[PDB]
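# any chance you can model this:
(9 chains)
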Amino acid sequence: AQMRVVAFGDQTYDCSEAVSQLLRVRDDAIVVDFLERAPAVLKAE
Amino acid sequence: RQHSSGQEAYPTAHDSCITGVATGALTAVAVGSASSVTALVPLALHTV
Amino acid sequence: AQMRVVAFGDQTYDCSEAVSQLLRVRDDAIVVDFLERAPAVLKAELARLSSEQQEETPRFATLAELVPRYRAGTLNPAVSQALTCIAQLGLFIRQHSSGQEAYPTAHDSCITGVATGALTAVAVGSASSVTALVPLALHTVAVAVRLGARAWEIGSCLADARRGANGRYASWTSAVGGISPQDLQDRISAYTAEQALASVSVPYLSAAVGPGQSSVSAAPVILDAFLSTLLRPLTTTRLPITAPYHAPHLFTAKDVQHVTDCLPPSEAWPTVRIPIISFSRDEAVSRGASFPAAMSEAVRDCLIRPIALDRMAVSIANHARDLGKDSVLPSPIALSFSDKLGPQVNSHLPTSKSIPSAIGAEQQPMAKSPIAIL
Amino acid sequence: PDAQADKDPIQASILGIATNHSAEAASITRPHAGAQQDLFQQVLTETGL
Amino acid sequence: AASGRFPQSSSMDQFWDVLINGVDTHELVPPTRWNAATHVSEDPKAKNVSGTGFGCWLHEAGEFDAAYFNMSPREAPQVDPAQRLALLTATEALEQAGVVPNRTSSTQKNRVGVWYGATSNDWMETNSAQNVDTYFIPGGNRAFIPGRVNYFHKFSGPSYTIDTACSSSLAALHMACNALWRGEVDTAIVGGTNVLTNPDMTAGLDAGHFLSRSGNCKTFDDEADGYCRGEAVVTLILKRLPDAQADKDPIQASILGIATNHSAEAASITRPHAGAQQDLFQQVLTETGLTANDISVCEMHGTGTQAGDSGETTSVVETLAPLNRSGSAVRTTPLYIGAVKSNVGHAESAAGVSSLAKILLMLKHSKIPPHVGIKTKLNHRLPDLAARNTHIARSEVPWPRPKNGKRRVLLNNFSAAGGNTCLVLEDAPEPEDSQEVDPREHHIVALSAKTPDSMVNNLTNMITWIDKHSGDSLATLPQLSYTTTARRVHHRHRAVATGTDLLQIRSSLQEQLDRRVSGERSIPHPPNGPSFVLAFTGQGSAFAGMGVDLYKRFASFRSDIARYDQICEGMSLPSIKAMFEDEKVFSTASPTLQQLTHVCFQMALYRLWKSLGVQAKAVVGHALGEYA
Amino acid sequence: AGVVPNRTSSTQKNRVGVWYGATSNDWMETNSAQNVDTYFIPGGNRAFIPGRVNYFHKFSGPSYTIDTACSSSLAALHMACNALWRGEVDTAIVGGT
Amino acid sequence: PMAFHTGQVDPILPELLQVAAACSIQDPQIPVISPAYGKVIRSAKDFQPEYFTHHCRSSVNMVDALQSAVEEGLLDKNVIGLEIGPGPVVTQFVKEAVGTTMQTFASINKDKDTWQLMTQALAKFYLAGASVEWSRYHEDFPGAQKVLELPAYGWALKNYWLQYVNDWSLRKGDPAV
Amino acid sequence: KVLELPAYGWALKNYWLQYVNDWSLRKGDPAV
Amino acid sequence: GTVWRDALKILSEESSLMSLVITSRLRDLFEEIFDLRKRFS
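Numbers count the residues shown, from 1 in each chain, chains lettered A, B, ... in the order given. Structure data below:
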């Protein structure tokens, strides 16, 4: 009866490599869709 | 990506919990408020 | 304590308006990504075929140029089959991403389908998300075209194209009314005995609809000859089924195996988590089967077993009772005469608003959208 | 989305558009009606009406 | 596949010869285009006179087969060489690639789109303009460059011409990738043309200080005064990888991503600057998902300009060869940078595809050719390439492919119209398992033409070619067999030869050639759609193992036989499939089995010949043969 | 259209494209051809039709000229619509000359 | 073993008539030279069930059918014959009917190979001008169909050119002087 | 809201290179 | 027979654009050689 905990970090973790790897996602369209709307709504705000 | 391309099952209150520090808190709210990746995405953009 | 049923249709439903209103979809990226993608897995399995399919293969630039040749009847069973399947998946993928509608789960919902819908049904039952449905859904596109393609192989073999066709493809199926399926079966047997016809060329009862309704399939020359013997008060109406289906004498297990050869072997195939109501069998409910096995079984429903649409309603209701649900929502997708389904299922048994979102979110995304001229 | 977001004027909206080529023509000079009709229904599908 | 015509090159292979031998093809304008004595002056003073005459010229650009593309001798001249050559190269590429009309589903009518870049229509300005006639706009307008390719081959898909000036063809490649990723098309035909007959193009370029009055493009040379004229025509065949692997088509390489921006921040309308270029390079790296180390070679848009070369080089090294803050190279492997323009000149519209073509041969032969653009000394504006492990190969360097790995390349094609476009390329997928010999022992070679003279020519050329390649490999005859038969667009008059090996093919073609040379007049044998009557025999002459080769080799035939067998078994008839699989059964086999085997054999055989488009004027059959 | 570059997200300079159809440049064939000079080629090639627009307003997005002959402009419109459809540009400038 | 087209096949004709009666008959798309009737049939009226019993029992009249064909102009020396079947038995009869110079060959025979007869035949056939889709004939071997690169096809080219002459470009804008 | 207002008032001048002496009819001919 | 002789040359120089040109030159075939020659009489 193991329980998984989903833990997110703060600014201290370097997300440059992360996002660099997320712009590589192609297999599933929701990731490129999310990364498409995110900067647009971002700059809109 | 982990829960759609990675085909990892979505967290459930029974078998799992969420946590976050600073930014992670906001994102944690978003994952804690959906049943599915599809239902997570709008709350995801709200969180952005 | 309500249970929604997702019911898919067959070739009879005209998907021209369906496909039309699908490429209108600008409200989600996975719809246009999937719909645009469909030709890719499709064409990846369009090339392994016989020569005659390469003869009369129509041109289609996208999923759009098939529509006029569909209405005109000049579209083959392989592509028209794949087109109906694409339309069904597109409407679903729409409704559950564009439409902000939650994905089916085993607790509150079941799936059902008729012929093409059975293939569609396997795909929806096997995924945990729309995004996870996308690849399986394409694998199903390839299965659909190979299904219609093999049906056209054997059907072309039985009878070739007529001289007065002018590119229009004749319907192998017709709907009969005013007689019980058993009584009509007796009339078929009698016609068989009295007329000289082969064992493969015989007419057969393709579907059982209702107490006085059913559907019979034979050759346009043969079917015409048989239907000419049925006189009023009985009714006869045409349907767009352009290849022989549901014929255990024409097809065997090897044909099913072959249609599904486009699915590579692997151990990671997801199983069917949502129960699918397969009403045309001994086992009314099937869950947990692997996606390839489920697909081959659905292909067998299409090719081998007859449709028993008189058993569909009660089949849904039985499962609704099994989970202790008072009533059902119908959620039909491209289903002929869908409006009357809901009452029929609820007869065996004893409210919506849009969700607003962020400013600019409730509308369509910023990827695809009906471009405004400023 | 961007148009309405920026409160831009909108005189109309393009649903869709499509292109094919008249390959079945007799001559290089005259486009023929078969391809054109298939293209009209092509945009009526892509647009959805 | 890719086919093209470049300076001193009638094929991709002779362009490899240009590159690997360090050939420099620039020369004074030949008299066929325009007279240098009157049009060129050391110091131009008179109007429409230029300071340079030099270019790299396709001396065979006028050569065209009017009978192959359905053209009359009066119409063919008035067609631009860009149109004619585009038709030739596009055809050849279809023969080298996986596309034939009515073959697989990737070859259908509208699923095949065409895009071509073109920056100059001089033919209509200069040559056909002396006497205008009906086929002036039919032969001069650029839209017909892709158009004619759609009409002849009956490709109904989209048709476009792109003009971004010197970036045009790579821009058209961008459009093509966007359509292949929209679903509009799957087969895509991409090319570019730049054949020029006007001296004004030259004089205007020189007036703008674009062209170099010394020589060719000198990329990276300390004294670099401009680019130089160059001429090329290319067509390629492109497909999404899933469909390409579905058909087992040949794949020379795979394009991962391509992007386009514009240099808006420029202080002028002429020179593209470095900021936009770098932002583009990193954009494509992030998009395609690769680090600097993954790219080992970069084909630059080198125009042999001090400003252009230094600017672009800085953008390339700062992307692909960054330097540590301490001053050590971030690169673990070497970068080799080059420019094709130093050899075959600046093809302008066709420059992009020319560069890509260079890569396809570099990939094939596993070598990096020498860089001849440096005449005297390296440019002093360039950053220190050696500290960053960037290199300009002066002589050829081994370029082997890592085991279970793919090297990837960055290509650049930019324009004085300031658009900037580049792609990331990758080696083709490894085979499924390994090589295998064709189990077919005997092969068939098909030759065609629309004229007897052309026929004689094709026969002779084929014989000489066989004499050249006769002993290289055993796989030459199976490849050329399946290729000549399927991959070709044949016409009425047509010749055939068979054999186990290339020698028998030669002996056959030589025999037919002798019949053509001696005892054959100049008129053709009847071109009526040469009436066939098909004769079907009775079961008398049937024998054991009859048509086993047809049953083992031909799939359509196997489909028909297997189908007929199941049709028989469902009707309470004996199984005929065994007669073709095993021969021994013929001894004890019953009359019904013999008879059904014969008639199935004839129906299948008839369908086979009909699959070859044999139009039967009538049929006759003798006893049992009539049933077929 | 009230477009001010870099005012909003959709009007940012790098999200703006240009596409124009053109059947021929008769200017450099006939008019400037009588006397060729330095601005002959800048003034005559079709690619500068969209280019010049990008340079003046400092739009760093794509620049293209399309020639399908008498369908050129709608072909350019099609490419532009595709760019907005795939997210390549926020705003598209479409025209014909 | 038996003797066809003789009195031997008399008892099978009634049942054979019923076999023919269960069929579906259409007008021929191309003419049928019928040895049963020694005549050229263009209509479905002649293919009725009686045809197949008549055929089985009646003699095979090649000479009357062929001679009937040539008199109509359907056959002549320019026409191509093609043997679909084992051995060239029937082509020799057509050849003897129309003329000695008609090109007629076969493909599958026990003496020569398939490919030998095929090149001698297919050469002359396609030399006469026929059309093909070679794809349908070779689109085969789902695993052995590997395609590699080869040079281009041999071209028979002629120079089509309009020579720029008189250097008129330098005189642009000037009058005739 | 965006009102439709007059376009920018342009300071316009005619910039033109006259085609003269009908030299296009004599293409291919010598000077004479 | 004179016009039979001339018409063949009018064909050889051209051979639906071309067809309309051929018949226009007759006065001054894609839809409507022996069919032509007999269509004269």
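# pick out the residue of chain A closest to chain D.
For chain A and chain D, the shortest gap (Cβ to the nearest Cβ) falls at residue A:44, measuring 6.6 Å. C-beta coordinates here come from the backbone N, C-alpha and C atoms, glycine included.
# from memory that residue sits against residue F:11, does it?
No - counting by Cβ atoms under 8 Å, residue A:44 does not reach residue F:11; the two are 11.5 Å apart.
# what sits up against whichever strand or helix holds residue D:3?
Take DSSP states H and E as the rule and residue D:3 turns out to sit in helix D:2-5. Helix D:2-5 has contacts (Cβ atoms under 8 Å, 6 or more residues apart in numbering or on different chains) with A:40, A:44, C:359-360, C:363, C:366, C:372, C:374, D:10, F:8-10, F:90-91.
# tabulate the residues you listed in CSV, adding columns for neighbour count.
Formatted as CSV, the contacts of helix D:2-5 follow (neighbours: other Cβ atoms under 10 Å in any protein chain shown):
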residue, neighbour count
A:40, 22
A:44, 18
C:359, 11
C:360, 18
C:363, 14
C:366, 23
C:372, 18
C:374, 15
D:10, 13
F:8, 19
F:9, 19
F:10, 21
F:90, 24
F:91, 25
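# still on that earlier bit, can you give me the offset of the next helix or strand after the helix holding residue D:3 from its chain's centre?
Later in the chain than helix D:2-5, the nearest helix or strand by DSSP H and E is strand D:12-13. Between the centre of strand D:12-13 and the centre of its chain there are 14 Å (Cα atoms, centre = their mean, to the nearest Å).
# got it, and stretch G:41-49?
Its chain's average C-alpha position is 22 Å from that of stretch G:41-49, according to Cα atoms, centre = their mean.
# now do stretch G:104-111
Worked out by Cα atoms, centre = their mean, stretch G:104-111 lies 15 Å from the chain centre.
# contacting residues for the residue of chain A closest to chain D?
Residue A:44 makes contacts with C:360, D:5, F:8, F:9, as judged by Cβ under 8 Å, 6+ apart.
# just flag the most distant two among those residues.
Using Cβ to Cβ, the two most remote members of the contacts of residue A:44 are C:360 and F:8, lying 12.0 Å apart.
# list the contacts of the closest residue to residue A:25 other than its chain neighbours.
With sequence-adjacent residues excluded and distances taken as Cβ to Cβ, 6 or more residues apart in numbering or on different chains, residue A:25 is closest to residue A:31, at 4.1 Å. Contact analysis of residue A:31 by Cβ under 8 Å, 6+ apart lists A:22, A:25, B:1, B:4, B:5.
# these in helices, which ones?
Using DSSP state H, the members of the contacts of residue A:31 that fall in helices are residue A:22.
# with distance to residue G:6 as added columns, please give the contacts of residue A:31 in a markdown table.
Listed next are the contacts of residue A:31 as a markdown table, based on distance: Cβ to Cβ, whole Å:
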| residue | distance to residue G:6 |
| --- | --- |
| A:22 | 86 |
| A:25 | 80 |
| B:1 | 82 |
| B:4 | 78 |
| B:5 | 77 |
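# break down chain A into its strands, ranges please.
Counting by DSSP state E, chain A has these strands, from start to end: A:4-8.
# in it, what residue is nearest chain I?
Residue nearest to chain I within chain A: residue A:29 (46.9 Å; Cβ to the nearest Cβ).
# now do the contacts for that residue.
C:29, C:30, C:33, C:34, C:131, C:134.
# what's near enough to touch residue G:57?
Taking Cβ under 8 Å, 6+ apart, we find residue G:57 in contact with G:5, G:9, G:10, G:13.
# I'd assumed residue G:38 was in contact with residue G:61.
Yes - with contacts counted by Cβ under 8 Å, residue G:61 reaches residue G:38, the gap being 3.8 Å.
# need the residues of chain D near chain C, please.
Chain D has residues D:1-5, D:8-16, D:18, D:20, D:37-39, D:41-49 near chain C, with proximity defined as Cβ under 8 Å from any Cβ of the partner chain.
# go on, chain G?
For chain G, the residues in contact with chain C (Cβ under 8 Å from any Cβ) are G:18, G:21, G:22, G:24, G:26, G:27, G:135, G:136, G:139, G:142.
# which of those residues are buried? Put it as a PyMOL command.
Restricted to buried positions by 16 or more other Cβ atoms under 10 Å in any protein chain shown, the PyMOL selection for the residues of chain G next to chain C reads:
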select buried, chain G and resi 135+136+139
